[PDB]
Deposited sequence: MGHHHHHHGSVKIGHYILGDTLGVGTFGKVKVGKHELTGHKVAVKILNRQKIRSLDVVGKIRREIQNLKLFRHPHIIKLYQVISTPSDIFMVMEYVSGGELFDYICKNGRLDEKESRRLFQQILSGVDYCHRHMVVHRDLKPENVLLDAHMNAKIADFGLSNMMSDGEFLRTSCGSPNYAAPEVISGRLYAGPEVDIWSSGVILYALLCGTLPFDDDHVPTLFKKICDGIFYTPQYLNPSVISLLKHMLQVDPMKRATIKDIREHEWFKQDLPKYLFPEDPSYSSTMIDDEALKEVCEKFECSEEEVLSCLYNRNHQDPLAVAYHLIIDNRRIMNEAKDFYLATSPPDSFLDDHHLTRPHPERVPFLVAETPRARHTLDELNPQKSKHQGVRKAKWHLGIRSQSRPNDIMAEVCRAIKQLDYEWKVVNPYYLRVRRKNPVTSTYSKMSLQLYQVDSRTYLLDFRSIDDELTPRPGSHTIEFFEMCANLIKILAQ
């Protein structure tokens, strides 16, 4: 007997991942090839990532894109979970560049358009890959780019930031290797810029055998631009590789760029006074201001739970409505001598409630701010 799952005969190992391997497979009748990712249920229990695996399967299964690897079926067994995906025979984009060297400006653009098309598709669907690199970019027989590993991917939630540092140091954005907070579509653009550079120059923009030196190079955003590079695409690279997240190019900005617009297929992109300030500020010490809040929260007879020293979740019962309104308190650091308390509303899954969710959020904040001010 052989090893067979869903009529597919499991072949050689294509590669490995943090849990379970990826094996090629072949249909017994048709001979159709698929790539099967075997997830050990006891190993995903060890790491307590079960939520993620459940989450990644939900999202990826809905995904339909030419340049993103499709998930055909997920087969469950008592011991293991089998993810049946599409198989591309070109292997890694990385191995391709190693063997054939850099790509001419025409082919580099063709591939980069396909890759960014996929990165866009994910971001539209509120999914951030954030492992992006030539190792995770595959190729079919016709040299079409395919995004592959979503293991480190995450879901974008409204009003939420991602602290997790994912991916190889070379392809990681300066805010990632610095361990700061990010929204995450701007992290995928940085990586896409490195991939674009890799396609053009056949080398990495930021690389060093000395890790502290490498991290400085990335944060400085300084990289060598070869003389044979079109100054048009250099401007694009300079924009995507911006250290400052706010000055960094968006997908809209790249699509407007003249170097990117050239020979772009139609199918790739679907048709397309008073000074406010955030929260409340204090120059007092982090443990002092944190102490202040807690006293005031109690003064209003609110109940709170401490998730993190600087992160509080506060819930309040409106006397009239008899329901509850939840909000989150997070302390940030604006400057060395300045700190900021942030207010964020929490969506209730409850049945329709009397009053206004938005306003009751304001009133809840108003009481606390009145004390702190």
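- Residues of the deposited sequence lacking C-alpha coordinates fall in the stretches 1-8, 281-392, 494, numbered from 1.
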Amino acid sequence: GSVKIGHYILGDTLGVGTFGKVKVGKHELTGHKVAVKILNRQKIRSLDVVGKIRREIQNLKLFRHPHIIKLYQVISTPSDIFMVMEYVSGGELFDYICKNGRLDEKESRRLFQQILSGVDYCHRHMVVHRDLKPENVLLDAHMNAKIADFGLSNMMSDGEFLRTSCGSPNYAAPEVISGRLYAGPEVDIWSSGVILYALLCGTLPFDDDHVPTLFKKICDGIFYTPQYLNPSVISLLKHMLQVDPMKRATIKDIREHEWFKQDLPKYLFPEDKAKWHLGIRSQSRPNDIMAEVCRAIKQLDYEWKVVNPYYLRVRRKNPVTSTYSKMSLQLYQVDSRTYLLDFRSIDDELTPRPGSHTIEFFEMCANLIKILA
From here on, numbers count along this sequence of modelled residues.
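- Modelled in this chain, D272 is nonetheless unresolved in at least one third of the other entries of the protein that span it on both sides.
- For the pair 218-226 and 190-198, the mean Cα B-factor is higher in 218-226.
- As listed in the deposited structure, the average C-alpha B-factor of 35-43 and of 312-320 is greater for 312-320.
- Comparing the C-alpha B-factors of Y302, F82, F94, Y171 in the entry, the top value falls on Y302.
- Taking the deposited Cα B-factors for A183, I289, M246, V74, the highest one is held by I289.
- Per the deposited record, the Cα B-factor of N144 falls in the lowest third when ranked against the other modelled residues of its chain.
- In the deposited entry, the Cα temperature factor of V233 places it in the lowest third of its chain's modelled residues.
- When the modelled residues of the chain are ordered by their C-alpha B factor, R353 lands in the highest third.
- Per-chain ranking of the deposited C-alpha B factor places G25 in the lowest third.
- In the PDB entry, a CA B factor belonging to the middle third of its chain's modelled residues is recorded for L152.
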